[PDB]
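An overview of the molecular structure
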Amino acid sequence: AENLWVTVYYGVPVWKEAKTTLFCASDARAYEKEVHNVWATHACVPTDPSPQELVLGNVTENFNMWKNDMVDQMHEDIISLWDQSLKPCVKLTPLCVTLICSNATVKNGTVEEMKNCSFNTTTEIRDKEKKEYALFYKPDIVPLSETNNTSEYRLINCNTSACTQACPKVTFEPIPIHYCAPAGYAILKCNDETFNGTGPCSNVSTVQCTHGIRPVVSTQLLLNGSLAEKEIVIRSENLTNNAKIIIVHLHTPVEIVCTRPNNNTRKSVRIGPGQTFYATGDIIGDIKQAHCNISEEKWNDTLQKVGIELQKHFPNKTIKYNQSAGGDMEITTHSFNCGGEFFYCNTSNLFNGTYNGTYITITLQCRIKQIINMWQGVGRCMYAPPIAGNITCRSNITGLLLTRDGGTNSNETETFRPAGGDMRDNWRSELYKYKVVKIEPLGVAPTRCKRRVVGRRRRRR
Amino acid sequence: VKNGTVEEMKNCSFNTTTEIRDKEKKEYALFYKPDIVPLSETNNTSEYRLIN
Amino acid sequence: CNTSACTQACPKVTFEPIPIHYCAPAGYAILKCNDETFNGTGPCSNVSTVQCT
Amino acid sequence: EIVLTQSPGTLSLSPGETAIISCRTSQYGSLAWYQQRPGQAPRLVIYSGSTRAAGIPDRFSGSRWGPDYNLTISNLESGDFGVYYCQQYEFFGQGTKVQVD
Amino acid sequence: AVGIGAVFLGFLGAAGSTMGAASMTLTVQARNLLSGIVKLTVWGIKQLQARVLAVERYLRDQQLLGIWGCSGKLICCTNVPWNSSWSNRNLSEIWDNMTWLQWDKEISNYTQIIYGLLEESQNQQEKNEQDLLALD
Amino acid sequence: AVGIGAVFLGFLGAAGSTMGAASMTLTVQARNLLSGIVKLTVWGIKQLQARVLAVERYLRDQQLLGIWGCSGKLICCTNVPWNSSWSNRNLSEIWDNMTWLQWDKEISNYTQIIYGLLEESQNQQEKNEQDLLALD
Amino acid sequence: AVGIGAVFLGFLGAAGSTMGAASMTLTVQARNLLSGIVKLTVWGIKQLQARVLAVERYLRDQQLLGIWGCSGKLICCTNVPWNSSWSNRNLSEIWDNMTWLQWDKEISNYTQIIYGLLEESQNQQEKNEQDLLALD
């Protein structure tokens, strides 16, 4: 015990948990095009070359990925950005006209899917109309009931909600985005890659901004993600819970090549006074339907490694992977966006086979859709214009999304299904390393010092 | 109306647009207010109009 | 209708060349040159400051 | 290996006195109890071991011993008798019934 | 660090250091708390509803330092003896073991009470600096 | 001017005067920098995205004066000797010839260097401010 | 109120009290003036067009206190004689009868002159602060 007097110091580093509205910063010269990009703001101009870093000395702090509010913030961010960039674009409502359709004859053959549809449209003067035609490359157009004619089809936007096409003047991209906290807050980053979702981390390092996040969306599979450096990681709210989800990051990427061999031709249609409508006019090449290629020699080993990783948590239970569960078309199929189109794939062989872990070219047939509800699956409905020429995508798969089955199965067996989820869950696999904390310069701490005495100037005391 | 005639209102039926803009169908609604202006320029005493 | 839909000017509002003075915000000064021989570029040696243009 | 078990099978007790029900477990996880009279929609009683559902008196509660669970009730009037069911994560126990003397 | 030197991301290492080092080079937080890094859409309103909150918090802290008799001073003593119940009454030999972040819990509850004593530590000076007796 | 008198546009004439007159009546800039003069359309958002920038700059300047010990002082000597390479080492003989606007070039490069020594000259007071046997 | 600690809705009763009681517990106004209590529609823009005005007013008052020599001082004497025409020249006998709200009218006209006088009473310190042989 000693005689002490209260003392103020502050300007101290001390933090606590908090919530904020963060600032965004895009990488490199992407900010120049960011004015006319969506999934990029208007515009996250980078004021500094992020991310600067320091390793904190002997600091250990709690983390949590599921309660993490940054994903909850960025969901609202991306949805608002999407709707507001789509808002001023040309509406497509007056196309909803009785479509007469037939087999889409093509050069030296007949195409497999689409229908050649011709319909009445409004010319420049509203009192007259003409017989235009377009090739909607989906069979998904609904045939109108209440008629014995087997050909009077309807566009399915008008069944439930009007739609708006995406302006080609603005192009969506997976531009990397860095988050930087505003003044007064710091973003703590964990660096221990063994971190399995929740618990302490004892190599905490502060950063001015987050590393490269990109908002790319894909169900049943992650594309262009970030890999756990050492081993294949498994994360879940609680594995023993039959519900919830299991997120997996791979140790090595496996190249996915996807392409659209049909040589589409872009066509214009004059729906209204200044409103221009884009549609696939004619096919000027051979037909093979869209497809994807994945090398078996990598994927078969990747599944076995993830299998033994699963069996670590599930002792002596053999693992079966199996076909997608069911339900909607956006999660029974592998969805991924590329180059202006939207691809849907059946997962022909990305599910099958049993692999115990202890060791006791694949082709995917893919359909394409123009009209999409957003992957949140309630509100806005678009029209995505066709892209001229064949399309080619090259991307690195990095993580899988799984959900568990059961159970009254014989206790040595277990089954896993590839099933997607929210838009949030895809980004949460990349945003698991961060917190947000407010720096609080605290109040009073004891000191050897004594009273000031008439505000005296003095030396050491 | 059921076992009688109501006092305040007039039954009205009109043409409306279906989902496809190129066709139309008949519908009926009961505007519970007398205040629908009878359109002039006609001896037909039934061609009313919404006053908006 | 050949190229783009249009809108008419509401008579509630009117075209007017009302004079407008530009005023600097806080912390800035709008310098002004008074030498009328100034032919577009170069020094000016009668510089005057103003709240607004 | 996830199997539940409840005991005893049935009860015949006079109203206004206690009863004791056991629900075993063989896995780490939460627990909850359900009440069911004949026919009507069953109801929640307690969950997460000892936390209590809204709109029930303090007659019904139990303790989380660890590998086993014990439920007890106190001052059960005739109108509160029914059938009890144990729960985990998907597994519903064998269930037991209480009846009025 | 010693002297000042350092950066925000050159001084924040004190957050786990013994409090002796943190009592030196305590400056860069003040330099950091003000501005830092920072058609209408989500980019726009965030620069206003966030920046103004930071400025508001900074003015709050500066005002609270102003009232107590510690304006413009990084370090400031006051006239309040430390009551034993709030913490260790011999921290001069113990803060060399404790960092600020872990220290904060030990006085989190009693923080609100102590401002009520710094206020009288100020207003006694307020009473003293006025009246009649001290002719000059 | 002498004393203050003057206005913003009654003292700004010192910008070309000898440094002697500019040294006096140095205040009206400190009064001007705060706010000065200041259906939604172009008139609206500009009173926020520009106003808050001015307030931010003023708080930054006040913070920088606050650290070095020159809080609330228009003029402030400090403990840093003036090195030879930065400027004329006899400017008491020379500032009578130079206005500030021309002076700024002659030390534009070395300001960031001088702040480094000025911070040390400030924060050496921290060691003296506490923790030994100054009995009173 | 009386004492030190005070509350805004504990001290504002002094508005009709004798000036002596208002000469104590004078703090909470400065503690309140900063922030107080505080799809896009009428709720949104008001928190920015109102909060920033309050911050500007506070900074204006703080700067006006800073110039005169009264930075960070609730009470501050100043070196200016009080001229007879502005008020009673024996208000030490009289302010015990008057509240501030009624007092303000009695000197509403002459405030602007007194600010100009305090400006000179300040910058007479500038000549003292520099440039002669005070050997210290």
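Here's what I pulled together on the structure shown here. Here the residues of each chain are numbered from 1 in the order the sequence is written, which can differ from the numbering of the entry; residues without coordinates are not included. The naming scheme follows written order: chains are lettered A onward, ligands numbered 1 onward. Within a larger assembly, only the chains shown are considered here, and all values are given for them alone. Note: side-chain values were computed over all heavy atoms of the structure, leaving out hydrogens and water.

1. Quick look at the interface of chain E and chain A
- We call two residues in contact when some of their heavy atoms are within 4.5 Å. In this assembly, 56 residues from chain E lie in contact with 56 residues from chain A.
- Two parts placed together each lose some accessible area; with a 1.4 Å probe, that loss summed over both constitutes the buried area. Taken over both partners, the interface formed by chain E and chain A buries close to 5400 Å², and the fraction arising from carbon and sulfur atoms is 67%.
- For salt bridges, the criterion is a side-chain nitrogen of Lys or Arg within 4 Å of an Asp or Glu carboxyl oxygen. Seen at the junction of chain E and chain A, the total is 1 salt bridge.
- The partner of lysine 16 of chain A in a salt bridge is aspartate 104 of chain E, with the nearest N and O atoms 3.5 Å apart.
- What qualifies as a polar contact is a pair of N or O atoms within 3.5 Å, subject to a donor-acceptor requirement within protein and to the restriction that residues adjacent in sequence count only when both atoms come from side chains. The interface formed by chain E and chain A holds 12 residue pairs in polar contact in total.
- Counting only elements with at least two residues in the side of chain E that touches chain A, the list comes to α1 (8-11), α3 (28-32), α4 (42-49), α5 (51-68), β1 (76-81), α6 (100-106) and α7 (111-128) of chain E. The helix and strand labels rest on DSSP assignments: H or I over at least four residues marks a helix, E over at least two residues marks a strand, and numbering proceeds from the N terminus.

2. Comments concerning unusual backbone geometry
- Here the residue pair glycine 406 of chain A and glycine 407 of chain A is connected by a cis peptide bond, since its omega of -10° sits within 30 degrees of zero.
- Its location among the elements puts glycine 407 of chain A in the loop between β30 (391-404) and β31 (413-418).
- Cis geometry is found at the peptide bond from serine 7 of chain D to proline 8 of chain D, where omega equals -5°.
- Looking at the secondary structure, you find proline 8 of chain D in the loop between β1 (5-7) and β2 (10-13).
- Look at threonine 25 of chain F: it is not a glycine, yet its phi comes out positive at around 60°.
- With respect to the helices, strands and loops of the structure, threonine 25 of chain F is situated in the loop between α2 (19-23) and α3 (28-32).

3. Brief notes about the arrangement of the chains
- There are 9 pairs of chains in contact here, and the one with the most contacts is chains A and E.
- At the C-alpha level, the nearest point of chain B lies 33 Å from chain E, with no contact between them.
- There is a clear gap between chain D and chain F: no contact, and 49 Å between their nearest C-alpha atoms.

4. A short note on the pairing of β30 of chain A
Residues and elements named next belong to chain A.
- β30 sits mainly inside the fold: 10 of its 14 residues count as buried.
- Looking at chain direction, strand β19 (residues 221-223) and β30 are connected through 3 bridges and run antiparallel. Residue pairing in the sheet places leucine 221 in a bridge with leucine 400 of β30.
- Relative to β31, β30 runs antiparallel, the two sharing 3 bridges. Bridge assignment links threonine 403 to a residue of β31, and that residue is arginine 417. Three exposure classes are used, based on accessible area relative to the maximum for each residue type with a 1.4 Å probe and protein chains only: buried under 20%, partly exposed in between, and exposed over 50%. Strands are treated as partners if at least two bridges between them are detected by DSSP.

5. Let's talk about helix α7 (residues 111-128) of chain G
- The terminal C-alpha atoms of α7 of chain G, which comprises 18 residues, lie 27 Å apart, in line with the 26 Å expected from a rise of 1.5 Å per residue.
- Listing the buried residues of α7 of chain G in full gives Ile114, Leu118, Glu119, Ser121, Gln122, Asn123 and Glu126 of chain G.
- Summarising the contacts, the buried residues of α7 of chain G are in contact with α2 and α3 of chain F together with α5 (51-68) of chain G. Take the number of residues in a helix, subtract one, and multiply by 1.5 Å to get its expected span.

6. Some details on the packing of aromatic side chains
- Stacked, tilted and edge-to-face pairs are distinguished by plane angle, under 30 degrees for stacked and over 60 for edge-to-face with tilted covering the rest, among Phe, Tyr and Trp rings (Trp via its six-membered ring) whose centres lie within 6.5 Å. Within this structure, the stated rule accounts for 17 aromatic pairs over all chains.
- On the basis of an interplanar angle of 85° and a centroid distance of 6.0 Å, the ring pair of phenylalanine 314 of chain A and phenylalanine 416 of chain A is categorised as edge-to-face.
- Given the relative accessible area of 0%, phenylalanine 416 of chain A is considered buried.
- When the ring of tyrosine 34 of chain D is compared with that of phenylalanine 92 of chain D, the centres are 6.2 Å apart and the planes differ by 40°; the resulting orientation is tilted.
- Taking the relative accessible area as the measure of exposure, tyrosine 34 of chain D reaches 26% and is therefore partly exposed.
- On the basis of relative accessible area, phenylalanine 92 of chain D is assigned to the exposed category, the value being 52%.
- Clustering of aromatic rings is evident, with ring pairs tying together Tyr9 and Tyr10 of chain A together with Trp100 of chain E.
- Throughout this description, the term charge over a ring refers to an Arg CZ or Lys NZ atom that lies within 6 Å of the ring centre and within 35 degrees of the ring normal. One residue, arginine 235 of chain A, lies across the ring of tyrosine 432 of chain A, its end atom 3.9 Å from the ring centre.
- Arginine 64 of chain D extends its terminal NZ or CZ atom over the ring of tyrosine 28 of chain D, reaching a point 5.8 Å from the ring centre.

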